[PDB]
Amino acid sequence: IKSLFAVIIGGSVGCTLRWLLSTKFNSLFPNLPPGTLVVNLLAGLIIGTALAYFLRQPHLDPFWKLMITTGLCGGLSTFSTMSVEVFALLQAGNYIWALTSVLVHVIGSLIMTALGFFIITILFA
Amino acid sequence: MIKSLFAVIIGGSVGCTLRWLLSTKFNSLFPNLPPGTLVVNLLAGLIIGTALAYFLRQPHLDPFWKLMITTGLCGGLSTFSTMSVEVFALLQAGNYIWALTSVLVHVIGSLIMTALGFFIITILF
Amino acid sequence: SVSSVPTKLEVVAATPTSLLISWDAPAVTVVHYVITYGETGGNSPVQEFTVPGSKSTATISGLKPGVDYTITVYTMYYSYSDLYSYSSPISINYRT
Amino acid sequence: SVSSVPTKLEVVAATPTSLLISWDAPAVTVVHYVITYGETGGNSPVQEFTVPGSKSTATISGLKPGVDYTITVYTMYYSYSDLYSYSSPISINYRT
Ligand SMILES: CCCCCCCCCCO[C@@H]1O[C@H](CO)[C@@H](O[C@H]2O[C@H](CO)[C@@H](O)[C@H](O)[C@H]2O)[C@H](O)[C@H]1O
Ligand SMILES: CCCCCCCCCCO[C@@H]1O[C@H](CO)[C@@H](O[C@H]2O[C@H](CO)[C@@H](O)[C@H](O)[C@H]2O)[C@H](O)[C@H]1O
Ligand SMILES: CCCCCCCCCCO[C@@H]1O[C@H](CO)[C@@H](O[C@H]2O[C@H](CO)[C@@H](O)[C@H](O)[C@H]2O)[C@H](O)[C@H]1O
Ligand SMILES: [F-]
Ligand SMILES: [F-]
Ligand SMILES: [F-]
Ligand code: NA
């Protein structure tokens with residue numbers, strides 16, 4: 001039950017952030033909606049920093065770890081919204097931006113995970 | 001914006017909760033490509049695809065239900081960040097073949113399930 | 001707040017039995033455009049066909065000379081909130 | 001419920017000043033193993049080094065002949081709940 005509240009509180013803040021950022025920015029550049037990209041990049045960054053940080057604080061309450069990762073990052077990032085954007089582009093015959101979206105989302109999210117991990121790793125060293 | 005916020009939170013919380021339950025139950029069974037995280041991305045891909053075809057045919061659906069299913073449920077259920085750390089960990093573990101396989105199976109799998117969701121409903125109607 | 005309806009629908013070239021139409025794409029992911037045409041005098045079947053989202057022109061053939069046609073174009077488009085939906089039409093009258 | 005601690009830690013080959021150790025990997029994504037070693041008797045300093053997650057063997061060098069060493073291995077691993085964390089150790093005694 002305490003773990004469930006972590007997922008819901010964190011998840012709700014994540015989902016809400018995604019919704020606000022997406023409705024505000026997605027329509028600015030429809031070939032690669034930047035609101036959906038930014039939330040995936042930002043979640044990639046937070047989970048990377050969480051990765052490095054939680055390793056060094058092994059006595060942190062599982063509540064906070066679960067609220068940040070499964071909750072916030074899990075709620076903030078989205079695979080389904082990325083997929084329909086890509087699916088729509090494929091159906092529109094816009095194959096170059098369908099590929100670019102997939103690559104920029106995947107490559108971008110892993111880069112931001114690395115940046116999050118190594119910035120904190122370099123700070124502690 | 002308050003009624004829209006409850007749609008995102010109610011849908012998002014059910015999605016995040018489902019992801020959490022399915023992930024803790026199944027991810028540890030096959031750690032090279034955690035199946036709980038895959039299943040939720042595949043399932044969100046399926047739901048958003050069926051939503052795609054269905055909402056097109058019901059243009060007078062309340063924006064509340066569309067927002068609860070897409071930004072809420074599918075957005076909360078799917079995850080890009082959890083997919084990224086799994087892949088990042090594999091890269092750091094020197095397991096490059098499963099890092100690539102995870103990325104491909106998640107992306108290709110999620111688009112296939114979006115197509116299946118869209119075309120099954122399109123063929124029914 | 002971004003319009004999904006095409007703009008500047010016009011007949012760019014014409015023969016007595018055909019029309020080449022063009023329009024400006026709206027700033028949204030258009031999957032396909034749907035072109036409709038029929039005789040303005042409300043006593044004829046309206047016909048429709050699609051064109052891909054990449055194309056912003058279409059040819060209408062098999063028309064009768066000296067007849068007024070109502071021609072409309074709308075989009076089947078992707079947006080964030082609505083997923084796949086249909087835009088309102090933009091509409092013109094043209095006499096062959 | 002899946003253990004992240006290695007199993008069957010053993011010395012597979014030995015010289016007077018070195019040990020080749022091996023272990024069975026736990027069924028989790030191990031990022032690196034941490035090998036520790038120190039003289040079983042009392043208060044010599046325990047030393048550690050890491051080995052990549054792909055490897056399931058390590059060489060310990062610079063040991064003294066005829067001395068009892070306590071050797072432990074633990075993992076730095078990824079799991080769903082805990083992210084990066086450290087396992088409990090598995091431990092053996094060996095006399096060069
Ligand atoms: C890597 C994983 C892939 C997973 C599978 C996803 C498949 C997505 C594409 C399927 O949708 C089709 O896409 C065609 C191409 O856009 C469309 O053709 C449309 O556009 C063409 C122009 O490119 C015309 O020739 C066609 O007649 C016209 O139907 C067609 O309507 C649409 O149903
Ligand atoms: C994401 C996973 C699936 C990826 C699909 C496979 C990878 C395809 C690589 C790019 O393909 C090219 O894309 C151009 C740009 O889209 C097309 O342009 C041509 O064809 C288009 C057809 O839709 C026209 O709209 C263009 O004007 C014309 O230049 C061209 O034919 C096509 O070979
Ligand atoms: C597709 C776009 C991707 C963009 C982002 C990619 C970010 C990936 C970060 C990888 O992190 C490194 O991975 C190495 C490789 O696993 C590790 O080496 C470790 O493991 C190796 C395996 O043999 C050893 O050779 C090294 O000495 C040892 O430090 C190293 O520690 C770790 O920091
Ligand atoms: F998905
Ligand atoms: F992400
Ligand atoms: F993954
Ligand atoms: Na999500």
# chains A, B, ... in the order shown; residues from 1 in each chain; ligands from 1
$ calpha_fit_and_write --fixed "chain D" --moving "chain C" --output "mmCIF file with N, CA and C atoms, in the first residue's frame"
data_model
loop_
_atom_site.group_PDB
_atom_site.id
_atom_site.type_symbol
_atom_site.label_atom_id
_atom_site.label_comp_id
_atom_site.auth_asym_id
_atom_site.auth_seq_id
_atom_site.Cartn_x
_atom_site.Cartn_y
_atom_site.Cartn_z
ATOM 1 N N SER C 1 12.611 -11.960 -5.586
ATOM 2 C CA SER C 1 12.832 -13.400 -5.231
ATOM 3 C C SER C 1 13.975 -14.101 -5.997
ATOM 4 N N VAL C 2 14.531 -13.455 -7.027
ATOM 5 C CA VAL C 2 15.716 -13.959 -7.736
ATOM 6 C C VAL C 2 16.970 -13.438 -7.032
ATOM 7 N N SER C 3 17.869 -14.349 -6.661
ATOM 8 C CA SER C 3 19.105 -13.984 -5.967
ATOM 9 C C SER C 3 20.095 -13.285 -6.898
ATOM 10 N N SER C 4 20.681 -12.197 -6.397
ATOM 11 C CA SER C 4 21.713 -11.438 -7.101
ATOM 12 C C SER C 4 23.133 -11.730 -6.587
ATOM 13 N N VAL C 5 23.268 -12.717 -5.693
ATOM 14 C CA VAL C 5 24.562 -13.117 -5.146
ATOM 15 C C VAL C 5 25.127 -14.217 -6.053
ATOM 16 N N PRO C 6 26.436 -14.160 -6.390
ATOM 17 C CA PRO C 6 27.003 -15.261 -7.178
ATOM 18 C C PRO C 6 27.031 -16.570 -6.398
ATOM 19 N N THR C 7 27.131 -17.684 -7.114
ATOM 20 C CA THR C 7 27.221 -19.010 -6.494
ATOM 21 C C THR C 7 28.474 -19.754 -6.955
ATOM 22 N N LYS C 8 28.808 -20.817 -6.220
ATOM 23 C CA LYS C 8 29.957 -21.684 -6.505
ATOM 24 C C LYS C 8 31.256 -20.912 -6.744
ATOM 25 N N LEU C 9 31.559 -20.007 -5.817
ATOM 26 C CA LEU C 9 32.849 -19.325 -5.786
ATOM 27 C C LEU C 9 33.894 -20.343 -5.375
ATOM 28 N N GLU C 10 34.946 -20.471 -6.183
ATOM 29 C CA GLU C 10 36.012 -21.431 -5.919
ATOM 30 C C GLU C 10 37.323 -21.003 -6.564
ATOM 31 N N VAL C 11 38.425 -21.520 -6.020
ATOM 32 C CA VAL C 11 39.749 -21.369 -6.611
ATOM 33 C C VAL C 11 39.941 -22.529 -7.584
ATOM 34 N N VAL C 12 39.992 -22.225 -8.879
ATOM 35 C CA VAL C 12 40.132 -23.259 -9.915
ATOM 36 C C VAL C 12 41.596 -23.584 -10.225
ATOM 37 N N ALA C 13 42.490 -22.605 -10.048
ATOM 38 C CA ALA C 13 43.933 -22.805 -10.221
ATOM 39 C C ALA C 13 44.719 -21.897 -9.283
ATOM 40 N N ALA C 14 45.867 -22.388 -8.812
ATOM 41 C CA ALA C 14 46.662 -21.682 -7.800
ATOM 42 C C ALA C 14 48.166 -21.839 -7.992
ATOM 43 N N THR C 15 48.888 -20.769 -7.664
ATOM 44 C CA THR C 15 50.329 -20.790 -7.446
ATOM 45 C C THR C 15 50.548 -20.280 -6.014
ATOM 46 N N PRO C 16 51.790 -20.345 -5.507
ATOM 47 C CA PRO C 16 52.041 -19.816 -4.165
ATOM 48 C C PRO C 16 51.719 -18.324 -3.951
ATOM 49 N N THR C 17 51.775 -17.502 -5.002
ATOM 50 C CA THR C 17 51.506 -16.063 -4.882
ATOM 51 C C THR C 17 50.327 -15.569 -5.721
ATOM 52 N N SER C 18 49.544 -16.479 -6.301
ATOM 53 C CA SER C 18 48.357 -16.072 -7.074
ATOM 54 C C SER C 18 47.255 -17.121 -7.101
ATOM 55 N N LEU C 19 46.031 -16.656 -7.323
ATOM 56 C CA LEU C 19 44.843 -17.499 -7.383
ATOM 57 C C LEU C 19 44.010 -17.093 -8.597
ATOM 58 N N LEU C 20 43.586 -18.074 -9.391
ATOM 59 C CA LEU C 20 42.539 -17.866 -10.390
ATOM 60 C C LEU C 20 41.232 -18.328 -9.750
ATOM 61 N N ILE C 21 40.275 -17.408 -9.604
ATOM 62 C CA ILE C 21 38.954 -17.738 -9.046
ATOM 63 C C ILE C 21 37.896 -17.702 -10.131
ATOM 64 N N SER C 22 36.850 -18.506 -9.945
ATOM 65 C CA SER C 22 35.653 -18.444 -10.784
ATOM 66 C C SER C 22 34.405 -18.569 -9.921
ATOM 67 N N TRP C 23 33.290 -18.111 -10.482
ATOM 68 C CA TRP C 23 31.986 -18.134 -9.831
ATOM 69 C C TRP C 23 30.920 -18.279 -10.909
ATOM 70 N N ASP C 24 29.730 -18.719 -10.512
ATOM 71 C CA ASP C 24 28.562 -18.746 -11.401
ATOM 72 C C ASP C 24 27.804 -17.429 -11.261
ATOM 73 N N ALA C 25 27.476 -16.817 -12.396
ATOM 74 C CA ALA C 25 26.722 -15.569 -12.421
ATOM 75 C C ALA C 25 25.316 -15.770 -11.869
ATOM 76 N N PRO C 26 24.805 -14.800 -11.094
ATOM 77 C CA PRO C 26 23.394 -14.834 -10.709
ATOM 78 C C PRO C 26 22.511 -14.426 -11.891
ATOM 79 N N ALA C 27 21.247 -14.847 -11.879
ATOM 80 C CA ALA C 27 20.308 -14.538 -12.974
ATOM 81 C C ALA C 27 19.741 -13.118 -12.850
ATOM 82 N N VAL C 28 20.622 -12.128 -12.980
ATOM 83 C CA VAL C 28 20.272 -10.704 -12.980
ATOM 84 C C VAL C 28 21.291 -9.970 -13.841
ATOM 85 N N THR C 29 20.959 -8.759 -14.275
ATOM 86 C CA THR C 29 21.907 -7.931 -15.016
ATOM 87 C C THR C 29 22.997 -7.432 -14.071
ATOM 88 N N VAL C 30 24.143 -8.108 -14.113
ATOM 89 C CA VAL C 30 25.328 -7.701 -13.368
ATOM 90 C C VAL C 30 26.070 -6.683 -14.228
ATOM 91 N N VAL C 31 26.343 -5.510 -13.657
ATOM 92 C CA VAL C 31 27.103 -4.459 -14.334
ATOM 93 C C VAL C 31 28.595 -4.682 -14.121
ATOM 94 N N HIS C 32 28.972 -4.926 -12.871
ATOM 95 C CA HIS C 32 30.302 -5.428 -12.560
ATOM 96 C C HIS C 32 30.282 -6.243 -11.270
ATOM 97 N N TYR C 33 31.243 -7.157 -11.171
ATOM 98 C CA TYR C 33 31.505 -7.881 -9.943
ATOM 99 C C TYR C 33 32.618 -7.165 -9.206
ATOM 100 N N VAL C 34 32.559 -7.197 -7.880
ATOM 101 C CA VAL C 34 33.619 -6.657 -7.046
ATOM 102 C C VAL C 34 34.243 -7.822 -6.306
ATOM 103 N N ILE C 35 35.541 -8.024 -6.521
ATOM 104 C CA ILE C 35 36.320 -9.062 -5.839
ATOM 105 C C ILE C 35 37.068 -8.412 -4.684
ATOM 106 N N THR C 36 36.954 -8.980 -3.485
ATOM 107 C CA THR C 36 37.780 -8.549 -2.345
ATOM 108 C C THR C 36 38.675 -9.692 -1.876
ATOM 109 N N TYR C 37 39.851 -9.347 -1.361
ATOM 110 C CA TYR C 37 40.712 -10.330 -0.703
ATOM 111 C C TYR C 37 41.559 -9.696 0.385
ATOM 112 N N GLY C 38 41.840 -10.491 1.408
ATOM 113 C CA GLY C 38 42.709 -10.089 2.506
ATOM 114 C C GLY C 38 43.013 -11.288 3.381
ATOM 115 N N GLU C 39 44.016 -11.148 4.232
ATOM 116 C CA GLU C 39 44.456 -12.241 5.093
ATOM 117 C C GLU C 39 43.378 -12.522 6.136
ATOM 118 N N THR C 40 42.952 -13.783 6.230
ATOM 119 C CA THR C 40 41.879 -14.209 7.147
ATOM 120 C C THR C 40 42.110 -13.726 8.574
ATOM 121 N N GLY C 41 43.338 -13.895 9.062
ATOM 122 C CA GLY C 41 43.729 -13.357 10.374
ATOM 123 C C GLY C 41 43.621 -11.847 10.371
ATOM 124 N N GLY C 42 42.614 -11.314 11.074
ATOM 125 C CA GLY C 42 42.076 -9.958 10.840
ATOM 126 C C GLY C 42 43.007 -8.777 11.072
ATOM 127 N N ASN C 43 44.191 -8.877 10.467
ATOM 128 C CA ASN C 43 45.342 -8.013 10.725
ATOM 129 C C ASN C 43 46.069 -7.731 9.402
ATOM 130 N N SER C 44 45.289 -7.287 8.414
ATOM 131 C CA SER C 44 45.800 -6.934 7.097
ATOM 132 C C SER C 44 44.738 -6.133 6.333
ATOM 133 N N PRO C 45 45.162 -5.162 5.492
ATOM 134 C CA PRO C 45 44.163 -4.431 4.693
ATOM 135 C C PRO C 45 43.448 -5.325 3.674
ATOM 136 N N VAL C 46 42.127 -5.204 3.591
ATOM 137 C CA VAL C 46 41.371 -5.833 2.513
ATOM 138 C C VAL C 46 41.543 -4.970 1.267
ATOM 139 N N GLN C 47 41.794 -5.620 0.135
ATOM 140 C CA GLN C 47 41.868 -4.948 -1.159
ATOM 141 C C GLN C 47 40.713 -5.384 -2.034
ATOM 142 N N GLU C 48 40.255 -4.483 -2.897
ATOM 143 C CA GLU C 48 39.165 -4.790 -3.828
ATOM 144 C C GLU C 48 39.446 -4.272 -5.231
ATOM 145 N N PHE C 49 38.931 -4.991 -6.215
ATOM 146 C CA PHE C 49 38.934 -4.527 -7.599
ATOM 147 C C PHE C 49 37.675 -5.041 -8.281
ATOM 148 N N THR C 50 37.330 -4.431 -9.410
ATOM 149 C CA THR C 50 36.150 -4.822 -10.157
ATOM 150 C C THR C 50 36.531 -5.698 -11.341
ATOM 151 N N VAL C 51 35.557 -6.480 -11.806
ATOM 152 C CA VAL C 51 35.616 -7.140 -13.106
ATOM 153 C C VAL C 51 34.297 -6.849 -13.831
ATOM 154 N N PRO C 52 34.327 -6.674 -15.171
ATOM 155 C CA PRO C 52 33.071 -6.498 -15.915
ATOM 156 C C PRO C 52 32.030 -7.607 -15.707
ATOM 157 N N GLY C 53 30.759 -7.263 -15.944
ATOM 158 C CA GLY C 53 29.622 -8.181 -15.779
ATOM 159 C C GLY C 53 29.661 -9.408 -16.694
ATOM 160 N N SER C 54 30.299 -9.257 -17.854
ATOM 161 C CA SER C 54 30.512 -10.358 -18.792
ATOM 162 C C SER C 54 31.469 -11.436 -18.262
ATOM 163 N N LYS C 55 32.521 -11.022 -17.552
ATOM 164 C CA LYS C 55 33.505 -11.964 -16.991
ATOM 165 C C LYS C 55 32.930 -12.639 -15.752
ATOM 166 N N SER C 56 33.237 -13.924 -15.579
ATOM 167 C CA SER C 56 32.922 -14.652 -14.353
ATOM 168 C C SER C 56 34.166 -15.354 -13.768
ATOM 169 N N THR C 57 35.357 -14.824 -14.081
ATOM 170 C CA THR C 57 36.620 -15.243 -13.448
ATOM 171 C C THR C 57 37.500 -14.022 -13.151
ATOM 172 N N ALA C 58 38.416 -14.183 -12.197
ATOM 173 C CA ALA C 58 39.381 -13.146 -11.852
ATOM 174 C C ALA C 58 40.696 -13.742 -11.349
ATOM 175 N N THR C 59 41.775 -12.977 -11.503
ATOM 176 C CA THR C 59 43.092 -13.352 -11.001
ATOM 177 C C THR C 59 43.463 -12.430 -9.838
ATOM 178 N N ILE C 60 43.889 -13.034 -8.732
ATOM 179 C CA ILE C 60 44.403 -12.323 -7.570
ATOM 180 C C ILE C 60 45.908 -12.593 -7.518
ATOM 181 N N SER C 61 46.722 -11.543 -7.599
ATOM 182 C CA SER C 61 48.196 -11.674 -7.602
ATOM 183 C C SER C 61 48.814 -11.034 -6.362
ATOM 184 N N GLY C 62 50.121 -11.202 -6.221
ATOM 185 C CA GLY C 62 50.889 -10.541 -5.168
ATOM 186 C C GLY C 62 50.639 -11.046 -3.762
ATOM 187 N N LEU C 63 50.135 -12.273 -3.640
ATOM 188 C CA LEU C 63 49.848 -12.889 -2.345
ATOM 189 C C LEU C 63 51.113 -13.484 -1.744
ATOM 190 N N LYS C 64 51.074 -13.730 -0.436
ATOM 191 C CA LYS C 64 52.183 -14.346 0.301
ATOM 192 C C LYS C 64 51.978 -15.860 0.356
ATOM 193 N N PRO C 65 53.053 -16.650 0.145
ATOM 194 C CA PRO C 65 52.911 -18.114 0.262
ATOM 195 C C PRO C 65 52.586 -18.593 1.679
ATOM 196 N N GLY C 66 51.805 -19.667 1.767
ATOM 197 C CA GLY C 66 51.434 -20.301 3.033
ATOM 198 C C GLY C 66 50.576 -19.479 3.982
ATOM 199 N N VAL C 67 49.776 -18.565 3.433
ATOM 200 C CA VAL C 67 48.948 -17.642 4.212
ATOM 201 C C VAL C 67 47.481 -17.876 3.868
ATOM 202 N N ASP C 68 46.613 -17.812 4.880
ATOM 203 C CA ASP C 68 45.160 -17.971 4.698
ATOM 204 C C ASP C 68 44.524 -16.652 4.240
ATOM 205 N N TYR C 69 43.849 -16.683 3.091
ATOM 206 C CA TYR C 69 43.147 -15.513 2.552
ATOM 207 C C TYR C 69 41.640 -15.731 2.577
ATOM 208 N N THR C 70 40.901 -14.696 2.978
ATOM 209 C CA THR C 70 39.450 -14.661 2.795
ATOM 210 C C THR C 70 39.161 -13.917 1.491
ATOM 211 N N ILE C 71 38.468 -14.586 0.575
ATOM 212 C CA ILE C 71 38.140 -14.022 -0.734
ATOM 213 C C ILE C 71 36.628 -13.936 -0.858
ATOM 214 N N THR C 72 36.127 -12.739 -1.165
ATOM 215 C CA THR C 72 34.690 -12.528 -1.373
ATOM 216 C C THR C 72 34.437 -11.930 -2.753
ATOM 217 N N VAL C 73 33.272 -12.243 -3.309
ATOM 218 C CA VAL C 73 32.790 -11.644 -4.554
ATOM 219 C C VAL C 73 31.356 -11.191 -4.309
ATOM 220 N N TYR C 74 31.055 -9.955 -4.710
ATOM 221 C CA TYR C 74 29.675 -9.460 -4.771
ATOM 222 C C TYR C 74 29.431 -8.720 -6.081
ATOM 223 N N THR C 75 28.159 -8.470 -6.387
ATOM 224 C CA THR C 75 27.777 -7.822 -7.647
ATOM 225 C C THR C 75 27.284 -6.400 -7.433
ATOM 226 N N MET C 76 27.508 -5.566 -8.446
ATOM 227 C CA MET C 76 26.777 -4.320 -8.603
ATOM 228 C C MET C 76 25.847 -4.607 -9.773
ATOM 229 N N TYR C 77 24.544 -4.676 -9.491
ATOM 230 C CA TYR C 77 23.572 -5.208 -10.450
ATOM 231 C C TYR C 77 22.381 -4.291 -10.614
ATOM 232 N N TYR C 78 21.700 -4.424 -11.758
ATOM 233 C CA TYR C 78 20.407 -3.780 -11.999
ATOM 234 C C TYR C 78 19.264 -4.766 -11.737
ATOM 235 N N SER C 79 18.267 -4.338 -10.969
ATOM 236 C CA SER C 79 16.958 -5.020 -10.911
ATOM 237 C C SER C 79 15.824 -3.986 -11.023
ATOM 238 N N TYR C 80 14.590 -4.450 -11.205
ATOM 239 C CA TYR C 80 13.461 -3.541 -11.424
ATOM 240 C C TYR C 80 13.178 -2.636 -10.222
ATOM 241 N N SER C 81 13.001 -3.240 -9.052
ATOM 242 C CA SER C 81 12.669 -2.481 -7.835
ATOM 243 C C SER C 81 13.814 -1.577 -7.368
ATOM 244 N N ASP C 82 14.982 -2.176 -7.159
ATOM 245 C CA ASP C 82 16.091 -1.513 -6.466
ATOM 246 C C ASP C 82 17.007 -0.635 -7.345
ATOM 247 N N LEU C 83 16.827 -0.661 -8.671
ATOM 248 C CA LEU C 83 17.742 -0.001 -9.628
ATOM 249 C C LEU C 83 19.173 -0.582 -9.467
ATOM 250 N N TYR C 84 20.228 0.244 -9.465
ATOM 251 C CA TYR C 84 21.574 -0.216 -9.103
ATOM 252 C C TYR C 84 21.719 -0.391 -7.591
ATOM 253 N N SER C 85 22.025 -1.614 -7.174
ATOM 254 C CA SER C 85 22.417 -1.887 -5.793
ATOM 255 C C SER C 85 23.520 -2.938 -5.743
ATOM 256 N N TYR C 86 24.051 -3.160 -4.544
ATOM 257 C CA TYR C 86 25.105 -4.151 -4.306
ATOM 258 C C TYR C 86 24.517 -5.398 -3.643
ATOM 259 N N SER C 87 24.876 -6.578 -4.149
ATOM 260 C CA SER C 87 24.452 -7.830 -3.525
ATOM 261 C C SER C 87 25.239 -8.087 -2.258
ATOM 262 N N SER C 88 24.732 -9.027 -1.460
ATOM 263 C CA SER C 88 25.524 -9.647 -0.406
ATOM 264 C C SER C 88 26.706 -10.395 -1.036
ATOM 265 N N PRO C 89 27.777 -10.611 -0.250
ATOM 266 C CA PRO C 89 28.905 -11.352 -0.767
ATOM 267 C C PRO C 89 28.737 -12.873 -0.631
ATOM 268 N N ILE C 90 29.409 -13.592 -1.532
ATOM 269 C CA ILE C 90 29.702 -15.014 -1.356
ATOM 270 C C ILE C 90 31.192 -15.065 -1.046
ATOM 271 N N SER C 91 31.575 -15.964 -0.144
ATOM 272 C CA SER C 91 32.874 -15.880 0.524
ATOM 273 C C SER C 91 33.529 -17.255 0.657
ATOM 274 N N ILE C 92 34.843 -17.306 0.428
ATOM 275 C CA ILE C 92 35.633 -18.524 0.686
ATOM 276 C C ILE C 92 36.962 -18.213 1.378
ATOM 277 N N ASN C 93 37.496 -19.233 2.047
ATOM 278 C CA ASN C 93 38.839 -19.198 2.632
ATOM 279 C C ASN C 93 39.758 -20.087 1.802
ATOM 280 N N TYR C 94 40.950 -19.584 1.495
ATOM 281 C CA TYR C 94 41.952 -20.361 0.769
ATOM 282 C C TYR C 94 43.353 -20.083 1.302
ATOM 283 N N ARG C 95 44.096 -21.160 1.531
ATOM 284 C CA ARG C 95 45.485 -21.083 1.954
ATOM 285 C C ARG C 95 46.376 -21.308 0.737
ATOM 286 N N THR C 96 47.221 -20.322 0.442
ATOM 287 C CA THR C 96 48.293 -20.493 -0.529
ATOM 288 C C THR C 96 49.330 -21.446 0.074
#
$ closest_atom_pairs --of "chain A" --to "ligand 7" --cutoff "7 Å" --atoms "only C-alpha atoms and all ligand atoms" --output "tab-separated table"
residue	atom	partner	partner_atom_place_in_ligand_line	distance
A:74	CA	ligand 7	1 (Na)	4.6
A:75	CA	ligand 7	1 (Na)	3.9
A:76	CA	ligand 7	1 (Na)	5.5
A:77	CA	ligand 7	1 (Na)	4.6
A:78	CA	ligand 7	1 (Na)	4.1
A:79	CA	ligand 7	1 (Na)	6.8
$ closest_residue --among "A:83, A:91, A:121, A:27" --to "ligand 4" --atoms "only C-alpha atoms and all ligand atoms"
A:83
$ residues_near_ligand --ligand "ligand 5" --cutoff "9 Å" --atoms "only C-alpha atoms and all ligand atoms" --output "VMD selection string"
(chain A and resid 37 39 to 47 73 to 74 76 to 79 105 to 106 108 to 110 112 to 113) or (chain B and resid 79 to 85)
$ closest_residue --among "B:35, B:117, B:75, B:109" --to "chain A" --atoms "only C-alpha atoms"
B:75
